[PDB]
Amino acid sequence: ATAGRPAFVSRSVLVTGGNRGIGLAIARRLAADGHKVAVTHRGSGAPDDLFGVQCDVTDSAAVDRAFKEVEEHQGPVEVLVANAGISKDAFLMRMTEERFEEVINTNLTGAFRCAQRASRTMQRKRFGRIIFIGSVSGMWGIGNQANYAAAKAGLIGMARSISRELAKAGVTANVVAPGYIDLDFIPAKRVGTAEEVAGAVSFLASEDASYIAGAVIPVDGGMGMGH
């Protein structure tokens, strides 16, 4: 047995919503780790020296075409980070059907579209990491977020069903659940950074996370502790 950090394997990575914000920090961290990193965008293009593909995750045909472009460039996606997401907060009595479904379609169905398309090759190659970006809200229930909490909790159920089916083929699905990212409900008494989220994603994309499936990694300063 090797005592230290396992030898690095450069994986084909796709980060959806990887062109700015937390997604860009995730993409830059995975590239710095040594992975081949592609990001989706909706017109802004890709930053730094990352491979960009245009993709709206509400569009299944765009998702299919984006994955094909990534595969031609750098090989089939081995690590999917589904970071694309939106918030449309509202108290329950004021939340409209449109506002609920928009958040579901991007955050939950959009993550499904990417995971489903990624599985086409992951299962065949007997390796895959599907890493959903969830939220403390999924299990803690932020009060103006019936739609967002539903979508982000839904990622847990999806990750666990995917893992129960496919972990025997080397394909796992896990959730990183950030809290507030750049205080009374946060034990740490501070917000987190995008780089702290990216550090958990880096772990789940690494050779140190093969035996982790269906897990929620909370990056929230303890905010979401409970049951």
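The first residue of the sequence shown is number 1, and the count goes up from there.
- Counting the deposited residues that fall between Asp182 and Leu183 and carry no coordinates gives a value of 10 or more.
- Comparing the deposited coordinates for 211-219 and 21-29, the stretch with the larger average C-alpha B-factor is 21-29.
- Looking at 90-98 and 122-130 together, the entry lists the larger mean B-factor for 90-98, computed on C-alpha atoms.
- Across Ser161, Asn174, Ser202, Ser44, the greatest Cα temperature factor reported in the deposited entry is at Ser44.
- In this entry, the residue among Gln145, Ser135, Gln116, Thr109 with the greatest C-alpha B factor is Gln145.
- Annotation for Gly52: CA B-factor lies in the highest third of the chain's modelled residues.
- Ranked against the other modelled residues of its chain, the C-alpha B-factor of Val191 as given in the entry falls in the highest third.
- Among all modelled residues in its chain, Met225 ranks in the lowest third by Cα B-factor.
- The entry lists a Cα temperature factor for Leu166 that places it in the lowest third of the chain's modelled residues.
- Compared with the other modelled residues of the chain, the Cα B-factor recorded for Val197 ranks in the lowest third.
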